[PDB]
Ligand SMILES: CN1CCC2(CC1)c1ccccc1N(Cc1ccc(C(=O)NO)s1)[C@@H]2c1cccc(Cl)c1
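So this first bit is one chain, no partners, the form solved without the ligand, shown in structure tokens.
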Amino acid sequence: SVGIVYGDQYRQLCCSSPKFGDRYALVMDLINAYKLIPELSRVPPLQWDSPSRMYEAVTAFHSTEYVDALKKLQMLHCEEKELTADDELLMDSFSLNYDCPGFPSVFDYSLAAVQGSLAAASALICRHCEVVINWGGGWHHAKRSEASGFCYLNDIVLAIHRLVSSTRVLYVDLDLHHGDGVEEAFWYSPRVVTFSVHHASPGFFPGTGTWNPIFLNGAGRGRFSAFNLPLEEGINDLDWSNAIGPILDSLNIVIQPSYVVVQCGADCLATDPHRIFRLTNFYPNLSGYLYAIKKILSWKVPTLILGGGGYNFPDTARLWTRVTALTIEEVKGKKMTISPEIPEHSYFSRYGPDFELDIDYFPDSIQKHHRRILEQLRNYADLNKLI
């Protein structure tokens, strides 16, 4: 089956943050509006037996002190008094500031994504599902003891850790931004191969995933196991597809992963406020995203599909609705017919004034990168005695 993470409480928490507002509600209600929910197996977010069990789960990656600080940030934001100078210094020491502010639900919001993606991983491990989707997850920037890029807890790292502790995982990061937190977590780990394609340029967040000059690619027994493809602004569906397709296929052939984890941040869409890449959600009766997901699913490897960035909420819903339909089609072999017109539902008016499923958009260095990545993959196979 195809699983999808949702729940009443989960929805409320995923909609409680200042940055992402009600995006998750638009996403799930558009999926529902197109009658996809009956095709899908609801995966309930993970809940724990005790505080100690929750802390044990989260501090598989994060430090206890950071988890403590994040919980304290929530408490402090639930009372009306300003932070003390000492508490400001504490939060600053974990980068719980500026891009990663406190708010009254910051811990519950952050934890919910972890609950969803851990449950998604268990559903794959027990083979209840061949693919699980979590549009509430995908927070790839969070580090062991540092919030970053509005990522407070790295649900992806925790999900991948659960998978490898059940084995090789291929992590594919389609976000506009470099997947630095996940890459770092598994920097010394050859069994989790990470691959991020992203924009990179001087001063662009977060700065990594590019010439450092040479490309760093892991360390210790993890050498050659972190792959990166930085791309210049303006790339369209076809050029992005041609850039990553051979990489994806070669990584699957050489690594033979037991699981694939895909981060599908929607901020590469031409209509995202970043206005960096020119990807679409187009699906001829072709979106770079849909090209990549269809390719990954053709491998028939259990797959976790996560969200991430995406700051045009209706267009992110438009993309992830199509990704969800495509996953149903590829996994179940069942035709999905999505009307070109947005169906009437609670958020119908957010898709105006045209109310189409298509987003409103009219559409050498890469060869160098491919040679470099092929060599690195050769080096990775040699180091790990792969055939």
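We number the residues from 1 along the sequence you see.
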Among the other entries of this protein that were compared (only those with both neighbours built), does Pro213 lack coordinates in at least a third? yes
In at least one third of the other PDB entries compared, is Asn285 left unmodelled? yes
Could you bin the unmodelled part of the deposited chain lying between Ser166 and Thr167 as none, 1 to 3, 4 to 9, or 10 or more? 10 or more
Per the record, averaged over C-alpha atoms, which has the higher B-factor: 70 to 78 or 169 to 177? 70 to 78
Which is higher in the entry, the mean Cα B factor of 370 to 378 or that of 9 to 17? 370 to 378
Just the C-alpha B-factor column, please: which of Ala243, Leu118, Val157, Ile276 has the biggest number? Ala243
From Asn228, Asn97, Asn134, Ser145, pick the one with the largest CA B-factor in the entry? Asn97
If you rank every modelled residue in this chain by C-alpha B factor, which third holds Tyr351: lowest, middle or highest? middle
Of the three thirds of the chain ranked by Cα temperature factor, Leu357 occupies the middle
Among the chain's modelled residues, which third holds the C-alpha B-factor of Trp299? highest
If you rank the chain by CA B-factor, which third does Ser339 end up in: lowest, middle or highest? highest
Entry-reported C-alpha B-factor of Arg53 relative to its chain, by third, is middle
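The following text describes the form deposited with the ligand bound, which does not appear among the structures shown.
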Based on heavy atom distances of at most 4.5 Å to the ligand in the bound PDB entry, which listed stretch, 86 to 94, 231 to 239, 70 to 78, 202 to 210, is the contact stretch? 202 to 210
Give a yes/no on whether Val164 approaches the ligand to within 4.5 Å in the bound PDB entry, heavy atoms considered. no
Answer yes if any heavy atom of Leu216 is within 4.5 Å of a heavy atom of the ligand in the bound PDB entry; otherwise answer no. yes
Please tell me whether any heavy atom belonging to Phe107 falls inside 4.5 Å of a heavy atom of the ligand, as the geometry stands in the bound PDB entry. no
With heavy atoms only and a cut-off of 4.5 Å, decide whether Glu184 touches the ligand in the bound PDB entry. yes
Note that the ligand is not shown here; using its position in the bound PDB entry, name the residues of 152 to 178 with a heavy atom within 4.5 Å of it, in sequence order. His178
